[PDB]
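The chain below stands alone, shown as C-alpha cells; this is the form deposited in one PDB entry.
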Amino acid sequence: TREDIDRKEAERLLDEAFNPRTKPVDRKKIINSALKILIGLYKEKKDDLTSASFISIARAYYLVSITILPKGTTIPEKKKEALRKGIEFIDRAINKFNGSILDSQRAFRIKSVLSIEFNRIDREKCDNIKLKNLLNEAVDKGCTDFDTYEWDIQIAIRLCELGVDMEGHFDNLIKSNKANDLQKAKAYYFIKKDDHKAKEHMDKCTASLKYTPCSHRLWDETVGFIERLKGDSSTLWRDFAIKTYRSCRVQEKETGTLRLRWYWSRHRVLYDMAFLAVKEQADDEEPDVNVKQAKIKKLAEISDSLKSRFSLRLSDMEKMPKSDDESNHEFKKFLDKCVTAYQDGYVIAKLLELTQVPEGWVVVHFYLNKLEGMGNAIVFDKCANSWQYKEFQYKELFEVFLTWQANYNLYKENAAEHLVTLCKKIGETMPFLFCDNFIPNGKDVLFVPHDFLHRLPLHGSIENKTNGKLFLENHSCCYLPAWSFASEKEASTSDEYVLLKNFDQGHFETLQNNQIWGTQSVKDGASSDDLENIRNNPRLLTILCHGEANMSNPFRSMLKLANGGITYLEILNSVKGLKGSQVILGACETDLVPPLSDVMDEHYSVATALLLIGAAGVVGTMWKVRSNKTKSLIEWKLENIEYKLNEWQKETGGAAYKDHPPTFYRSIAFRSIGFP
C-alpha cells in the first residue's frame, strides 16, 4: 500500500537524521522534508488519518525542536512553538484509540519526553504537578523497558527528581549500560540514599566533562544537579562545584588570542557556587595560615578565570564578516565544533603568576556574587606577602550610578553634583580602601574591576568624614580589565612621536603647529591604511577622533577615521608596529561602549585591543570633556614623559569638589588603563 511506502520513507529519513554522521544542515533539510511529506499526508487524509501518523508527526516535531539553536540570552519561541504543536498533535493522537500495545506505549513515551523538554524550557506553562500526573500515568501503562530505550531512563530519573519512589525499579536502572554515570549518581542519591557510589560516579562525570565542549547537555544537567544539591543543604556540593570549575577551566584552556567562549546560561551560577564553596572552606577554621592564603589565592584565580573572556552571542558569531583567512578558520572550527556538540548531545607573552608583581604594589580584585547578592574585594600585598578579603553590598551604589548615568546622558556637563554624590557613595559603601590595614599608606594600587564597577571612578572616592580627603591624594592608581592582560618587557627605547587626527571641529591647530611631531608619520586627515603603516615602536602615539559603539558586538566598535574607519578586529589584525607605545586617545569611553541596562556587563573597548597588540599603556577619558583639557594633557605629557598622572590631577584642581564641581568633573575623568 502506498501509505505504508510513504510512512517507511519518512521513517527512513528520520533514522538517517538519527545517525551521528550527518551535518546539522543535512539534518535540517532531511527533517523538514520529512515534515513536508507528513504534513501533505495530513492535508490529504485530514480526519481519516491513522493514529500512528499523528505519532510520527509528533516525533518529527521533536526532532525539529532539537535542531533549533538558541539565539540571544533567552529561549527562542520557535522551540516552544514546535514543542507545543507536538503536544497538541500527540494529544489528538492519544484521543484516537484502539492501536496496538506498542502504539499506545509509544504515544505515551513521546508525550512524556515532549512534556519533559517543554517543562525544562518553560516553567509557568507546564507545571510540575502536570508532569507528575503525566509521567505517573505513563509508567502506569508500563514504559519500563530500561534495556531498550534511554527515554524510559529519562522518565525514571525525572520521576525520582519529582519524588515518586522507584526502589522497585532500581536494579534495572543500575544494570542498564545505556544510562551514563550522572543518572547512576542521581539514582543512588535520590532513591537509595547511598552517597559513596554517588561521589564515585560524580567524579567520573566531572572527569568526563574535561574533553566535552561547553555546548553539551551534560554541563547544564550537572550544574543543575549541583544547584539542587545546594538547595537541600547537602555536604557534597562543595567538592562538586570545585571539580566542575576545574573541568571548565581546563576545557576553556583550548582557545587562542580571539578570546571567546560559548554562552550558556548556567555558567555564572557555576562560578558563583564555586566561589561560595571556596569562601566557606576558607571561613572554616584552619590552624595553618598557608592553607588560608592558598584558598584566598584560589578565590582570586576563580575571579581571573571569569574575567578572562567575554562570551559572545550566537547571531553575532554568524553575522560578523571574514578577514585574514586564518582567524576565519579558527572561528569556523570553534563554531562548527560547538554546534555539532550541541546536536550530538541530544541525538543519542606568558601569563604571569598572581604573586609576580613589582615591589611596593598592592593589587585589588573584585567579584560581584549574584547568588548571595554581595561583593568581595580581594587584596594582595607584596611587601608583607599577605592575602585578605572583605565584603560589601552593591544595590544602592547601582541606584546612584544609574541616576548619574541618566543625568549625564541628558545634561552632560551639568551632572557634576550627581558625580559628587556617586563618589561619596563609593566612599561610604567601600570604607576599607581608606583603612591602613587593608591598603597601606603610600603604595601604588592596581584595580581589576569586574562588573559595572568598570565604569565607576574609583580614584575619586571621598572619605566618609567631615573634611573628606580624596583617594588619589595619597595613592597612585592604575586599572586593568583582567589580570591575564598584564605583561612584562616595556622597552620603549625610541624617541619618535606620531599624531593622527580626523575631526576638525576641535581646536587642535595650536597643537598641530608643534615642532615635536617632526616625523613623516604625523598627518591630519588620517585613515586606517595610514594607521597600519606605523613603523617601529613610537614612544607616544596620539589618536584624535570619534568613536562608534556597536551595541551587540565588541568586535565592531570603531574609531571614526576615513575610508570607513578601523574596527576592533582590524586593530587585532592589521596593526603590528605599536610594541611598547604609550597611547593617548581623544575619544571618550561612553562613545566606545554602549550604555548598560543590567547589573552585569562585559563589553571591551579598543584600549584593551591596544593592550593585546602590545602597547605599554593607554590614557583616556571616562566621559566627554572639553577639548582644551585633552590639549593641556597632551602638552604636559609631551614636555614630561616620566611623571605620573595623579600629580597632574592634584595640581590642576582635582580637589575642589565642595565649591566648584565643574573642575572636579573635568579633572577626574582621566584614567590610565595599563599595567607596567
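Residue numbers run from 1 along the displayed sequence. Here, rigid core means the biggest group of C-alpha atoms that superpose within 1.5 Å across both forms.
What follows is about the form deposited in another entry, which we do not show.
Only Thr590, out of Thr244, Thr590, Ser303, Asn376, shows a C-alpha shift of 2 Å or more between this form and the one not shown on alignment of the rigid core.
Taking 2 Å as the criterion, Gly224 does not count as shifted between this form and the one not shown: its C-alpha moves by less than this amount when the rigid core is aligned. Positional change of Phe275 between this form and the one not shown stays under 2 Å at the C-alpha, relative to the superposed core. After superposing the rigid core, the Cα of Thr519 is displaced by 2 Å or more between this form and the one not shown.
Compared with the form shown here, the Cα atoms of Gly506 and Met551 sit 3 Å or more farther apart in that other deposited form. Cα of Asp591 to Cα of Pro481: at least 3 Å shorter in that other deposited form than in the shown structure.
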